[PDB]
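Asker: So I've got this experimental structure, pasted below with the sequence.
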2 protein chains.
Amino acid sequence: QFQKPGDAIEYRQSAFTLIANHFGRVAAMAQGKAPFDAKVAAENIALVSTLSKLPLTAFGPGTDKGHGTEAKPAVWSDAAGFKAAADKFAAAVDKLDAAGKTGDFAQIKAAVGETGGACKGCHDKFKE
Amino acid sequence: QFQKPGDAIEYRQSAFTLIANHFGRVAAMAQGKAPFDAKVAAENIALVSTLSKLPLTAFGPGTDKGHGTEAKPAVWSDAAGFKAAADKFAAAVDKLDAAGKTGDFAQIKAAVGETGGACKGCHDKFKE
Ligand code: HEC
Ligand code: HEC
């Protein structure tokens, strides 16, 4: 779906930006920085879940260069490591999605922690 | 929630990028440039619909300068005009959503044309 490799880069960056913004709204409630509203949390979680399925589809062959990319070469040269990182994130987001549907603060908070750990674990190995 | 103007600008840009990509996938089918797959068209339409509701929430006061923005000052000095352009888009996206639900190629093609017109109409007045 990307005509030029720059397109894949801008797409994945864009998806990550939207994920970070909506995930951050949920995290703010989990951290007690904003009052908890289960409906609003659920809406933001649903968006995170939808968006989470997008960026990791945009690291195809030849999408490694330029356009302000912060993807490390290891994304392509340690593809197994990158896939493990992606799968850990998908598993955490599944739990987050389930938590959003229950409206249980504790379950949401636990899943925010797991999800955030997956963001960081991938970035440590694969993002500048 | 945007902490600084840069955050609003990056968010809206990011959402428009994702919108353009998924909309373009549908458009390619409608224009007779790719085979028609109604399920895939519906999935991309549903994403467009979800996404369409995001960027126009990120043009608050003071988000008019810097950070690579291409928003024209008229976004804020003709707020009613910008809102009219946004509402025209939203109405077109409603029709695109309806078309995704039916799977009707002709209805999808009509809605792609209308939606595209709404992108262009807003850009002509409000985007550098
Ligand atoms: C690997 C499996 C990742 C997971 C899981 C998450 N992110 Fe990440 N992210 C990853 C890479 C390789 C990059 C660089 C993309 C590029 O081509 O430049 C990023 C980038 C981001 C960004 C910056 C986007 C930009 O500046 O344009 C953000 C804000 C971001 N990622 C956030 C983020 C969050 C909140 C995550 C968990 C919910 C997350 N990412 C997971 C790789 C991976
Ligand atoms: C006004 C009501 C708009 C409608 C409807 C659409 N877009 Fe637009 N778009 C608009 C503005 C004011 C801007 C500039 C945003 C900024 O702060 O820079 C944009 C930008 C884009 C972009 C570029 C994004 C980037 O990465 O910088 C794209 C790709 C884009 N818009 C596409 C697009 C499509 C496909 C639309 C219809 C489906 C559409 N936009 C509607 C204003 C408006």
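Answerer: Happy to help now that I have it. Numbering: from 1, shown residues only, chains lettered A, B, ... in the order given. Ligands and ions are numbered 1, 2, ... in the order given.

Asker: List phi and psi for residue A:8.
Answerer: phi -60, psi -40 (degrees, to the nearest 10).

Asker: what's the closest non-adjacent residue to the residue nearest to the spatial centre of chain A?
Answerer: Nearest to the centroid of the C-alpha atoms of chain A, with distances taken as Cα atoms, centre = their mean, sits residue A:52, at 5.0 Å. Spatially, and ignoring its direct neighbours in sequence, residue A:52 is nearest to residue A:93 (4.6 Å; Cβ to Cβ, 6 or more residues apart in numbering or on different chains). Where C-beta positions appear, they are placed from N, C-alpha and C, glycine not excepted.

Asker: The one you found and residue A:69, how far apart?
Answerer: 23 Å (Cβ to Cβ, to the nearest Å).

Asker: quick one, which of the two is more surrounded?
Answerer: Neighbour count, other Cβ atoms under 10 Å in any protein chain shown: between residue A:93 and residue A:69, residue A:93 has more, with 23 against 19.

Asker: List the contacts of the more buried one.
Answerer: By Cβ atoms under 8 Å, 6 or more residues apart in numbering or on different chains, the residues touching residue A:93 are A:48-49, A:52, A:115, A:118.

Asker: Spatially, what comes nearest to the residue of chain A found nearest ligand 2 if we skip its sequence neighbours?
Answerer: Residue nearest to ligand 2 within chain A: residue A:10 (6.3 Å; Cβ to the nearest ligand atom). Closest residue to residue A:10 apart from its sequence neighbours, by Cβ to Cβ, 6+ apart: residue B:17 at 5.6 Å.

Asker: how many degrees apart are the strand or helix carrying residue A:46 and helix B:38-52 in direction?
Answerer: Using DSSP states H and E, residue A:46 maps to helix A:38-52. Put simply, helix A:38-52 runs at 130 degrees to helix B:38-52, going by axes from the mean of the first three to the mean of the last three Cα atoms, to 10 degrees.

Asker: now for the helix or strand that helix A:38-52 is followed by, which elements pack on it?
Answerer: Note on helix A:38-52: by DSSP H and E, the next helix or strand toward the C-terminus is helix A:74-77. Packing contacts for helix A:74-77, counted by 3 or more Cβ pairs under 8 Å, 6 or more residues apart in numbering or on different chains; DSSP states H and E, involve helix A:79-102, helix A:105-126.

Asker: how many other residues sit next to residue A:4?
Answerer: 11.

Asker: what sits against it?
Answerer: Contacts of residue A:4 (Cβ under 8 Å, 6+ apart): none.

Asker: Tell me who's in contact with the nearest residue in space to residue A:122 that is not next to it in sequence.
Answerer: In this structure, residue A:122 finds its nearest non-sequential neighbour in residue A:85, 4.0 Å apart by Cβ to Cβ, 6+ apart. Listed by Cβ under 8 Å, 6+ apart, the contact set of residue A:85 reads A:118, A:121-122, A:125-126.

Asker: Serialize these to JSON lines and add fields for neighbour count and distance to residue B:104.
Answerer: Converted to JSON lines, those look like this (neighbours: other Cβ atoms under 10 Å in any protein chain shown; distance: Cβ to Cβ, whole Å):
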{"residue": "A:118", "neighbour count": "21", "distance to residue B:104": "40"}
{"residue": "A:121", "neighbour count": "15", "distance to residue B:104": "45"}
{"residue": "A:122", "neighbour count": "19", "distance to residue B:104": "41"}
{"residue": "A:125", "neighbour count": "15", "distance to residue B:104": "46"}
{"residue": "A:126", "neighbour count": "20", "distance to residue B:104": "43"}
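
Asker: just curious, which of those is nearest to ligand 1?
Answerer: Closest to ligand 1, out of all of the contacts of residue A:85 and judged by Cβ to the nearest ligand atom, is residue A:122, at 2.9 Å.
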